[PDB]
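The chain below stands alone and is given as structure tokens, in the form deposited in one PDB entry.
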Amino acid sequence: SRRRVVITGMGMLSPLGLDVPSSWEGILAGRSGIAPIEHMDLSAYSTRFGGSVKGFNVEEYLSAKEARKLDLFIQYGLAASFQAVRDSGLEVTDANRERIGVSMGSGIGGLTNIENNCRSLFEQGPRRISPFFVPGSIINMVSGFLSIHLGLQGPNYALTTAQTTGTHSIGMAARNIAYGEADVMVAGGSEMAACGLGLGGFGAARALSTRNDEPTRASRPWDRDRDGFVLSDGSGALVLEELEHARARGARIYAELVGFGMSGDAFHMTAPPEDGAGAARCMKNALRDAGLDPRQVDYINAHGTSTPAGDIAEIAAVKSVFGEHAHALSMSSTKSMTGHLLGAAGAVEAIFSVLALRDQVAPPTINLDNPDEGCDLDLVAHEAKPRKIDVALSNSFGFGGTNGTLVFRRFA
């Protein structure tokens, strides 16, 4: 038998807000976080908009000196992690610090820092590269700096599974707790790829929406006029905790994490199979891991990136898994509002899945004006839908065919 894992703290930076409650208020109001990117000449680029974090104040978390040493993606991941640990009320002590670990990941890591140090290198040669370039740019430094700041001595690692990062990070942290390797994990992801290389690199793959005239309408999952994803920035962190540990200290418990599934499509480097066979296997694995029948699912936070092929694969995968129940559940893409936070997508969406359980409401898929051929599910078009939600899934289907599904259930 395995131990039970619950969520006792959450933290976030998103295009909708500088914390969880601000972000969630935006989600339930159908607000878009997408706008023209500022303080950057994107004249030469095919996409000039995305989901920026607005008004982030790193000196709430770090000294100016420690912030200068760290890429924005690390700053964001530390902000969400500190928020999550504060929200949990956990007291770190000599008696528990060996039982508290971190798994905060990133899809792309420190592209901004790499770009600025390429400039130094090409213009002035190697002797002007910053001394803190390597440790301030590498993906495992959110887990590193968080563990140093809070004295965490448990499992310390970082996933990098592209757009699946935040989902895998939370799932694997849940395994650490369930199998007795930790009692508490801080888990999630962070991303800041809005630099020349990010907008330019996704742009060169023609993966991005180029709807520059109407950025708030660009991200339109399952809409027949969708033309690729919207790049966004931010972070999500959850405090995962063994159930008896949480009860013994009187923790507030948001929800229980009952299932985690993984699969590989083994199909294509960037596109999923048309029928979403891999995503279907992954959801089936997660439900098996939770000991739940597909009929018990009420709400799915889709991957829903606004790509032609990805959006239709998810509809096929949900029809396959859920059969006669596929229309009864509600499925929405909060990327319609947040855009695609890449490695942090699964983390902010796990938080939105937990809050859908707390508040008994399916967030909307905004901009779903004209559902595409076969997109006839309950996709919660336009407006939030209050409803019964006992069991909520959150899916991530990323580059490389790598799939993750989390299953959350109401706790009482």
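We number the residues from 1 along the sequence you see.
Below: the form deposited with a small molecule bound, not depicted.
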### Query
Contact between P15 and the small molecule in the bound PDB entry at 4.5 Å, heavy atoms?
no
### Query
Does any heavy atom of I253 come within 4.5 Å of a heavy atom of the small molecule in the bound PDB entry?
no
### Message
I'd like to know if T305 sits close to the small molecule in the bound PDB entry, meaning any non-hydrogen atom pair within 4.5 angstroms.
### Response
yes
### Query
So, in the bound PDB entry, is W24 in contact with the small molecule at a 4.5 angstroms heavy atom limit?
no
### Query
Which pick from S330, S143, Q163, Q75 sits with a heavy atom within 4.5 Å of the small molecule in the bound PDB entry?
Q163
